[PDB]
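**Student:** Kindly return the folded structure for what I paste below:
(chains A, B and C)
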Amino acid sequence: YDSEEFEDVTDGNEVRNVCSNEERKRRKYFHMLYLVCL
Amino acid sequence: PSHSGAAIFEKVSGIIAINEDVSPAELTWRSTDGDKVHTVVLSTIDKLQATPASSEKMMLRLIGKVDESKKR
DNA sequence: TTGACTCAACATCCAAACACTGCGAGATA
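**Tutor:** Residues are numbered from 1 along each chain as shown, chains lettered A, B, ... in the order given. For reference, the structure is listed below:
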């Protein structure tokens, strides 16, 4: 609330490649859904 | 008016003055008439809060620490 | 800038029939 409004101002110094099958299916479904929407 | 200007604390006018003369360089708030005094050791200040320009209420807030002997 | 290799780690396809109840362990008023 008070930190949400009043922004903290500070100087903090600081010196293979194939996914799972679940992701495969999720990508196929999301592809379809997205296509339809487009 | 760089490390020491006119600052408020507990609704009373004041004169902030950073005290960097000791091992802990601190922030001394000194009332404008001198009624209330409040010294803030910047050593414990975790981060500063400034009412950004979007915060037309120009209020800066000094975020402090939770030392092992203070934890609630 | 191209695609045909190989590698390895999965994924995916595809085959295609035995019954079901008896019988000894311990325990039992």
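**Student:** Tell me where chain A has strands.
**Tutor:** Here chain A has its strands, by DSSP state E, at A:7-9.
**Student:** Same question for chain B.
**Tutor:** Along chain B, the segments classed as strands by DSSP E run B:4-5, B:14-19, B:26-31, B:37-41, B:47-50, B:60-63.
**Student:** Out of those, which is closest to chain A?
**Tutor:** Evaluated over the strands of chain B, closeness to chain A peaks at strand B:47-50, with 3.8 Å, by C-beta to the nearest C-beta. All C-beta spots, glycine's among them, are computed from the backbone N, C-alpha and C.
**Student:** helices and strands around that closest one, which ones?
**Tutor:** Of the remaining helices and strands, those touching strand B:47-50 by 3 or more C-beta pairs under 8 Å, 6 or more residues apart in numbering or on different chains; DSSP states H and E are strand A:7-9, strand B:60-63.
**Student:** May I see those organised as CSV, with distance to DNA strand C and mean neighbour count added?
**Tutor:** Formatted as CSV, those follow (distance: least, C-beta to the nearest atom of the strand, whole Å; neighbours: other C-beta atoms under 10 Å in any protein chain shown):
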stretch, distance to DNA strand C, mean neighbour count
strand A:7-9, 44, 15
strand B:60-63, 47, 15
